[PDB]
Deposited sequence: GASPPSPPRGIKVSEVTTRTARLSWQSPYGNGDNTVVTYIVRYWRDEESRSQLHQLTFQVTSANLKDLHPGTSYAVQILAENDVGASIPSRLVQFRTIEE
């Protein structure tokens, strides 16, 4: 066994004033893998976990730039992070 490879194909599907919806694909095979979503304002650091390859980030600041990483995790440990994805919430 070994840590999983990174999540793949990360897309920011929708963005609103206070939410951002994320989509991705499971990592290349290395067992059960879950995910760690780290996001922050790009100008506190937030971290949430998910079992499915989608996440709706909530109660974000309007008209704000965000960075987001996603990591895969199994019972060995976490993958190397995704590349950083940039998105921007809609102004109020």
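Residues 1, 32-34, 48-51 of the deposited sequence, counted from 1, carry no C-alpha coordinates in the model.
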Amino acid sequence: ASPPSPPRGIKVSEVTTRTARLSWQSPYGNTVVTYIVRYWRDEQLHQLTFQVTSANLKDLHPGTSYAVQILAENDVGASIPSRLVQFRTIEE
From here on, numbers count along this sequence of modelled residues.
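If you average the C-alpha B-factors over 1-9 and over 81-89, the higher value belongs to 81-89. Judged by mean Cα B factor in the deposited record, 62-70 ranks above the other of 45-53 and 62-70. Split the chain's modelled residues into thirds by C-alpha temperature factor. Residue 33 is in the middle one.
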